[PDB]
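Data first, discussion second: the structure below is written as structure tokens.
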Amino acid sequence: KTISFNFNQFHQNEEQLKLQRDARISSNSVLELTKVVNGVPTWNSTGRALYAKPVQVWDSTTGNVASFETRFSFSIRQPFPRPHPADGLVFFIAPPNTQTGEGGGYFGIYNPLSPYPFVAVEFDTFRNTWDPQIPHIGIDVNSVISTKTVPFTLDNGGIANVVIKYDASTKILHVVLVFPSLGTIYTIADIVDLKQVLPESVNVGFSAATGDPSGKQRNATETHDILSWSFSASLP
Amino acid sequence: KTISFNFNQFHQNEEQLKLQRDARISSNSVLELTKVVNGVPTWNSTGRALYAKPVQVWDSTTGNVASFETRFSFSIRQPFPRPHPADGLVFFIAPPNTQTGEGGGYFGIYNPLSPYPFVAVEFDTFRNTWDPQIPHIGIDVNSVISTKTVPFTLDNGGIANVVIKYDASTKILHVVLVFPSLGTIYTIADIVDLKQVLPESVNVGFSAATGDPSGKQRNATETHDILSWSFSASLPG
Ligand SMILES: *[C@@H]1O[C@H](CO)[C@@H](O[C@@H]2O[C@H](CO)[C@@H](O)[C@H](O)[C@H]2NC(C)=O)[C@H](O[C@@H]2O[C@@H](C)[C@@H](O)[C@@H](O)[C@@H]2O)[C@H]1NC(C)=O
Ligand SMILES: *[C@@H]1O[C@H](CO)[C@@H](O[C@@H]2O[C@H](CO)[C@@H](O)[C@H](O)[C@H]2NC(C)=O)[C@H](O[C@@H]2O[C@@H](C)[C@@H](O)[C@@H](O)[C@@H]2O)[C@H]1NC(C)=O
Ligand SMILES: *[C@@H]1O[C@H](CO)[C@@H](O[C@@H]2O[C@H](CO)[C@@H](O)[C@H](O)[C@H]2NC(C)=O)[C@H](O[C@@H]2O[C@@H](C)[C@@H](O)[C@@H](O)[C@@H]2O)[C@H]1NC(C)=O
Ligand SMILES: *[C@@H]1O[C@H](CO)[C@@H](O[C@@H]2O[C@H](CO)[C@@H](O)[C@H](O)[C@H]2NC(C)=O)[C@H](O[C@@H]2O[C@@H](C)[C@@H](O)[C@@H](O)[C@@H]2O)[C@H]1NC(C)=O
Ligand SMILES: CC(=O)N[C@H]1[C@@H](O[C@@H]2[C@@H](O)[C@@H](O)O[C@H](CO)[C@@H]2O)O[C@H](CO)[C@H](O)[C@@H]1O
Ligand SMILES: CC(=O)N[C@H]1[C@@H](O[C@@H]2[C@@H](O)[C@@H](O)O[C@H](CO)[C@@H]2O)O[C@H](CO)[C@H](O)[C@@H]1O
Ligand SMILES: [Ca+2]
Ligand SMILES: [Ca+2]
Ligand SMILES: [Mn+2]
Ligand SMILES: [Mn+2]
């Protein structure tokens with residue numbers, strides 16, 4: 001069984017996407033996860049975008065787990081350097097029919113009141129108490145306290161290409177981050193047993209958030225745009 | 001106990017490098033692993049380049065294994081599309097004081113007569129009986145029959161950036177291949193227990209080869225140039 005989709009760009013009312021909270025598609029075809037008014041990103045924003053159809057990551061009958069590969073391009077523009085941009089964006093896999101969780105450093109995927117399991121790859125731009133220096137790429141399993149982390153230098157407003165690959169036979173999740181304009185390459189990998197943390201059917205998508213009001217800083221913001229996205233999964 | 005070296009270019013007769021067989025450094029500073037005469041790559045060629053000093057990847061006293069990262073840029077130019085360029089190049093780790101092995105699809109690292117252990121990342125351009133479609137990246141452990149493989153499309157004569165990383169805590173060896181002119185990205189990873197296959201001290205370097213005479217095709221060739229190379233390893237204790 002193989003499932004795959006490709007998005008060279010994004011259109012309004014796209015039927016294959018499920019937009020939640022502040023997420024929306026601009027007229028020039030970009031998926032803006034967090035609020036941007038008149039070219040200016042705002043604080044207190046959270047938004048998600050899920051693929052409309054659930055994907056089967058493993059089968060309880062055969063015990064087999066799926067392998068998958070997803071590539072996407074994003075752009076983070078940080079117009080206000082002081083005091084600190086926030087919060088970042090993530091690619092995540094979660095049970096279907098979930099709802100946006102808490103914003104801020106929780107990226108909109110974690111809900112303390114009723115936590116659901118999830119695997120996520122974060123591009124964290126704000127250093128919370130539980131964080132190492134930012135920006136960093138992090139692999140999260142059921143929590144935003146990354147199992148593995150790697151730092152990177154953001155190309156402010158530039159385009160970033162990401163490749164996430166998961167091999168079921170080795171349980172290796174490897175992610176590659178490239179900034180073509182700068183020619184920089186960052187890589188991180190870890191062992192994650194999907195079958196052990198997630199249910200057979202899941203949703204895949206993105207989530208992001210800007211500074212939470214509790215921080216009392218309106219400058220704690222930045223854009224979180226997704227320019228393209230392709231996904232592929234194979235369940236033998 | 002970190003160790004690291006960086007070559008942003010290659011000088012004529014590098015005191016830090018050991019060149020074997022056909023490997024040589026051109027006047028414009030590139031490390032040519034296989035023979036090129038008058039701008040034309042030839043067949044029947046094999047060459048290696050090792051860092052002159054051995055590196056310790058693990059310590060029997062503490063049992064600790066080293067983590068490392070290496071980056072390099074290479075370029076493979078294929079002048080003759082038909083009937084099939086050959087053979088490819090590899091980055092390898094082997095016991096010190098070894099000798100060039102068999103050429104052809106063995107890249108110069110495998111010696112059937114007297115095999116020595118090795119871990120290598122290959123960029124294979126010729127499809128041997130044991131190979132999947134080419135070109136492909138492959139992870140080799142003690143043999144050229146890759147444990148893992150992934151295909152890629154070569155940027156003929158272009159520059160390629162490679163990042164190889166090994167994390168001792170997870171035993172994950174991940175390699176990334178990027179062709180900046182094309183913007184293409186390829187990735188592959190696998191679990192490899194260095195401590196279990198290699199000795200405490202090893203050599204790190206490159207090896208490559210062009211078509212073997214047995215193939216009876218002088219067109220089975222291509223260049224195998226290394227443009228730059230940096231290495232870094234951390235052995236806690
Ligand atoms: C952060 O954004 C939230 C919505 O994205 C704001 O809450 C919502 O505000 C709407 C307009 O005031 C209101 O109709 C909704 O009921 C409310 N949602 C709920 C129930 O929480 C949130 O704060 C609100 O709006 C500001 C302008 C003040 O009026 C507050 O008293 C509201 O709770 C925004 N945070 C802030 C303080 O900007
Ligand atoms: C939030 O972002 C604002 C826009 O960058 C900051 O103001 C800008 O500060 C610059 C020097 O840091 C100054 O050259 C710009 O003119 C100014 N832009 C405008 C029109 O606000 C702002 O910094 C604070 O406010 C400015 C006006 C100065 O008083 C600074 O000393 C203040 O820090 C940022 N606010 C915070 C809390 O950093
Ligand atoms: C080995 O590579 C050579 C260079 O690409 C091939 O010759 C070239 O073949 C072209 C058509 O394939 C032809 O337009 C070119 O004029 C010619 N170039 C030269 C320098 O000869 C060669 O192809 C074969 O051998 C040559 C001598 C011709 O007889 C071709 O028709 C043959 O296909 C390549 N060898 C093989 C066996 O493919
Ligand atoms: C393939 O490359 C080999 C070098 O690694 C050639 O080996 C030959 O080794 C001889 C022993 O020291 C040396 O004198 C020769 O110069 C050298 N090749 C030549 C002619 O330059 C090999 O050459 C073939 O095999 C040798 C043993 C002789 O019989 C030569 O006449 C043959 O050409 C190269 N083979 C081919 C197909 O070119
Ligand atoms: C958990 C969370 O959403 N944190 C966000 C918040 O960080 C805290 C802030 O709430 C308050 O407690 O002060 C501390 C520093 O003493 C932190 O800023 O706000 C920032 C933006 O200002 C960001 O959104 C965090 O993710
Ligand atoms: C093992 C080896 O080095 N093989 C090289 C050889 O490939 C084979 C050749 O052995 C013979 O059997 O013919 C077949 C095709 O029917 C292959 O060519 O030669 C090629 C060069 O053409 C290459 O160097 C192989 O790696
Ligand atoms: Ca954070
Ligand atoms: Ca081969
Ligand atoms: Mn984080
Ligand atoms: Mn191969």
Side-chain angles (χ1 to χ4, degrees), chain A residues 84-92 102 104-110 118 120-152 154 175 188 190 207-209, chain B residues 38-43 77-81 83-92 104-110 118 120-152 154 156 175 177 188 190 207-211 215-222:
Chain A
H84 48 259
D87 269 278
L89 71 83
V90 304
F91 168 75
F92 68 112
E102 218 88 301
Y106 290 118
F107 312 114
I109 66 172
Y110 183 61
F118 72 74
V121 176
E122 66 175 48
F123 296 91
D124 197 347
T125 55
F126 174 85
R127 184 167 186 169
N128 293 72
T129 64
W130 61 73
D131 278 330
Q133 127 203 181
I134 53 71
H136 57 255
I137 305 176
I139 288 172
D140 301 6
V141 173
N142 292 348
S143 142
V144 275
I145 299 179
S146 309
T147 57
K148 222 87 178 176
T149 268
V150 69
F152 74 86
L154 180 69
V175 1
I188 181 175
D190 206 346
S207 187
Chain B
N38 287 156
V40 185
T42 54
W43 68 337
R77 190 177 104 249
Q78 292 176 157
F80 318 125
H84 51 242
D87 268 86
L89 68 76
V90 304
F91 158 79
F92 73 96
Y106 293 112
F107 313 117
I109 58 174
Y110 187 76
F118 70 79
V121 170
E122 58 169 59
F123 295 89
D124 198 329
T125 57
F126 177 88
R127 187 175 185 179
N128 294 83
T129 60
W130 56 74
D131 286 320
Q133 168 197 192
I134 51 75
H136 56 256
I137 303 174
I139 287 174
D140 306 333
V141 179
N142 298 341
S143 89
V144 297
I145 300 169
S146 306
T147 62
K148 229 69 188 170
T149 247
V150 57
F152 72 88
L154 186 72
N156 209 323
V175 355
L177 162 60
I188 181 168
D190 195 17
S207 183
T210 54
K216 304 182 173 304
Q217 301 289 179
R218 292 146 179 296
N219 273 14
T221 176
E222 63 193 10

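Each chain gets a letter, A, B and so on, in the order its sequence line appears, and its residues count up from 1. Atoms within a ligand are numbered from 1 in the order they appear, just like the ligands themselves.
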Legend entry - Contact atoms of ligand 3, heavy-atom distance to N219(B) under 4.0 Å: 1 (C), 2 (O), 3 (C), 22 (C), 34 (C), 35 (N), 36 (C)

Inset, instruction - Would you mind running through ligand 3 and noting each atom that sits below 4.0 Å from a heavy atom of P83(B)? - result: 36 (C), 38 (O)

Using 0.5 Å steps for rounding, measure from the [atom1] atom of [X] to the [atom2] atom of [Y].
X: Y110(B); Y: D140(B); atom1: OH; atom2: CG; value: 11.5 Å
X: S146(B); Y: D190(B); atom1: OG; atom2: CG; value: 10.0 Å
X: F152(B); Y: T125(B); atom1: CZ; atom2: OG1; value: 7.5 Å

Inset, instruction - Identify, with sequence neighbours excluded, every residue that meets side-chain contact (heavy atoms from CB on, under 4.5 Å) alongside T42(B). - result: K35(B), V37(B)

Inset, instruction - Applying ring pair (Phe, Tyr, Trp, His ring centres under 6.0 Å), name anything that partners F118(B), two or more places apart in sequence or on another chain. - result: none

Inset, instruction - Could you tell me whether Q217(B) and ligand 3 have an N or O pair separated by under 3.5 Å? - result: no

In a table with atom names and distances, give each donor-acceptor pair under 3.5 Å that connects a side chain of residues 128-138 of chain B to protein atoms at least two apart or in another chain.
| from | atom 1 | to | atom 2 | distance (Å) |
| --- | --- | --- | --- | --- |
| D131(B) | OD2 | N128(B) | N | 3.1 |
| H136(B) | ND1 | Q133(B) | O | 2.8 |
| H136(B) | NE2 | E122(B) | OE2 | 3.2 |

Legend entry - Contacts of the Mn ion (ligand 10) with protein N/O/S atoms, counting only those under 2.8 Å: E122(B) OE2, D124(B) OD2, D131(B) OD1, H136(B) NE2

Inset, instruction - Output yes when a side-chain donor or acceptor of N156(B) lies under 3.5 Å from a complementary backbone atom of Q78(B), and no otherwise. - result: yes

